[PDB]
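# Summary of the model geometry
So you can see what is in the structure, the chains are spelled out below.
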Amino acid sequence: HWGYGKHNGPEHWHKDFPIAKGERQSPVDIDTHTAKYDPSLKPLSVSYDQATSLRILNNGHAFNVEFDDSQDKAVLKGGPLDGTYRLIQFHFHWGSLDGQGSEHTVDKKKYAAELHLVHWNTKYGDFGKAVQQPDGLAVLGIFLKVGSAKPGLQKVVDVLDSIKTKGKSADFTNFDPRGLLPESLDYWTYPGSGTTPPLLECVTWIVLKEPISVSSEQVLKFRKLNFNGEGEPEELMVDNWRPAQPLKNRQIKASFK
Ligand SMILES: O=c1cccccc1O
Ligand SMILES: [Zn+2]
């Protein structure tokens, strides 16, 4: 089955998921000079005050912090979006070394990691119906650089010992994802896809310009997780990023001058 190794990595995905070579795949390189300011974009509205986290799960490719999405509680709207998108989960992608790990790149620069806050369009009733639609998802992408610690990340780092291997979960209530956001909500946006199989082309990407800083100790702890299940040979969960894909017939728009 798919993964991030030599034999089952991103270059192989297209055999089981032909949409891998589709017209609006993600991630992409953001060429900052070629991304045009769009003064018709709105400010992003991130309303996470009532977000209810439930659980954290190692799914064998990342860890997901899952939210209760059965009511309108943690929503994204505005910016490029029409309508209301509900947060369902966040996760990260990261590297084996600080010099790589992000999925999106900025003028070919790779950040140490990238956070994805996944939201589904509430006009489609739930996540599963939303991923049958070209405007089903909105993903807020936030870059991580290594420097100062992010205090709001620490509750996540500290629970990872308890979900080391694939299939493990832990209760993870009362986690406030506002503590993962940078100061500025300036963003780039484009139409694209999920970045893991099944790579569905549902996503309005909203990629914040400002990274967050995390400490070397915080990212080191991500790197102790395992792709494998308990009792299987240990394979460190590192380099769980898909490289930049061809832009094709798309324009990346900037919310800022
Ligand atoms: O960020 C993601 C969002 C939606 C679907 C699939 C995979 C991802 O990494
Ligand atoms: Zn992701």
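The structure contained in this document is the topic of the report that follows. (Residues numbered from 1 in each chain as written, not as in the entry; some residues may be left out. Chains lettered and ligands numbered in written order. Heavy atoms only, no water.)

This paragraph deals with the overall build of the protein. When you go through the protein residue by residue, the secondary structure sums to 3 helices and 15 strands. Taken over the C-alpha trace, the protein has a radius of gyration of 17 Å; the compact-globule value for 257 residues is 18 Å, and the two agree within 12%. Taking all 257 residues of the protein together, the buried fraction comes to 53%. Residue pairs in contact within the protein that sit at least 24 positions apart in sequence constitute 71% of those at least 6 positions apart. With an accessible surface of roughly 11800 Å², the protein has 49% of that area assigned to carbon and sulfur atoms. Taking the 31 positively charged and 32 negatively charged side chains of the protein as two groups, their mean positions are separated by 3 Å. (Helix = DSSP H or I, 4+ residues; strand = E, 2+ residues; numbered from the N terminus. Rg over C-alpha atoms; globule rule 2.2 N^0.38 Å. Buried < 20%, exposed > 50% of the residue type's maximum accessible area, 1.4 Å probe, protein only. Contact = heavy atoms within 4.5 Å. Areas by Shrake-Rupley, 256 points an atom, 1.4 Å probe, with all protein chains shown as cover. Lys, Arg positive; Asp, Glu negative; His and termini not counted. Charge placed at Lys NZ, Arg CZ, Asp CG, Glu CD.)

What follows is about the site of ligand 1. Inspection of the region around ligand 1 gives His91, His93, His116, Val118, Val139, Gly194, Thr195, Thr196 and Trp205 as its neighbouring residues. In the model, an oxygen atom of ligand 1 is placed 3.2 Å from a nitrogen or oxygen of the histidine 91 side chain. Between ligand 1 and the protein, one listed contact pairs an oxygen atom with a side-chain N or O atom of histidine 116 at 2.9 Å. Protein coverage of the free-state accessible area of ligand 1, which is 260 Å², stands at 86%. Looking at the shell around ligand 1, the elements that each hand over two or more residues are β7 (85–94) and β9 (113–121). (Near = heavy atom within 4 Å. Polar contact = N/O pair within 3.5 Å; in protein donor to acceptor, adjacent residues only side chain to side chain.)

A word on the coordination of the zinc ion (ligand 2). Around the zinc ion (ligand 2), the donor atoms from the protein are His91 (NE2), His93 (NE2) and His116 (ND1), and they sit 2.0 to 2.1 Å away. Within one chain, the residues donating to the zinc ion (ligand 2) are spaced in sequence as H-x1-H-x22-H. In this pair, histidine 93 sits in strand β7 while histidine 116 sits in strand β9, placing the two residues 23 residues apart along the sequence. Each member of the pair, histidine 93 together with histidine 116, is buried. (Donors = N, O, S within 2.8 Å, 3.2 Å for Na, K, Ca; no water.)

Quick look at the nonpolar core now. Counting 48 residues, the largest nonpolar core has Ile56, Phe63 and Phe90 as the members making the most contacts within it. Mapped onto this core, the elements with two or more residues apiece are β5 (63–67), β7, β9, β10 (137–146), α2 (154–159), β13 (203–208) and β14 (212–214). Sorting elements by how many residues they give to this core places β7 first, with 5 residues. Residues contacting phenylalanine 63, with those up to four places away along its chain left out, are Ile56, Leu57, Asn58, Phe90, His91, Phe92, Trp94, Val156, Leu160, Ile163, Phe222 and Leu225. Core analysis: the next-biggest nonpolar cluster, separate from the first, contains 22 residues, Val118, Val131, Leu137 and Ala254 among them. (Core = buried A, V, L, I, M, F, W, Y, C linked by side-chain atoms within 4.5 Å.)

Take the pattern of salt bridges next. For the coordinates displayed, the defined rule picks out 10 salt bridges. Where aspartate 68 meets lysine 73, a salt bridge forms, and the shortest distance between an N and an O atom there is 3.1 Å. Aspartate 72 is paired through a salt bridge with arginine 86; the nearest N and O atoms lie 2.9 Å apart. Of this pair, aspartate 72 sits in the loop between β5 and β6 (75–78) while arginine 86 sits in strand β7, and the two are 14 residues apart along the sequence. Looking at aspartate 72, the relative accessible area reads 49%, which means it is partly exposed. On the accessibility criterion, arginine 86 (12% relative accessible area) is buried. (Salt bridge = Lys/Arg side-chain N within 4 Å of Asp/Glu carboxyl O.)

The final tally for this structure, using the stated rule, is 15 aromatic pairs. Between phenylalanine 90 and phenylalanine 92 the ring centres are 6.0 Å apart and the planes differ by 90°, which places this aromatic pair in the edge-to-face class. Like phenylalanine 90, the residue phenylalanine 92 is buried in the burial classification. An aromatic cluster is built from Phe63, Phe67, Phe90, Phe92, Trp94, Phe172, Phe175 and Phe222, whose rings are joined through pairwise contacts. Across from the ring centre of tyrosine 111, 4.9 Å away, lies the NZ or CZ of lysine 109, which sits over that ring. Positioned over the ring face of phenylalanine 256 is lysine 209, at 4.6 Å from the centre of the ring. (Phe/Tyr/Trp six-rings, centres within 6.5 Å; stacked < 30°, edge-to-face > 60°. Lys NZ or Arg CZ within 6 Å of the ring centre and 35° of its normal.)

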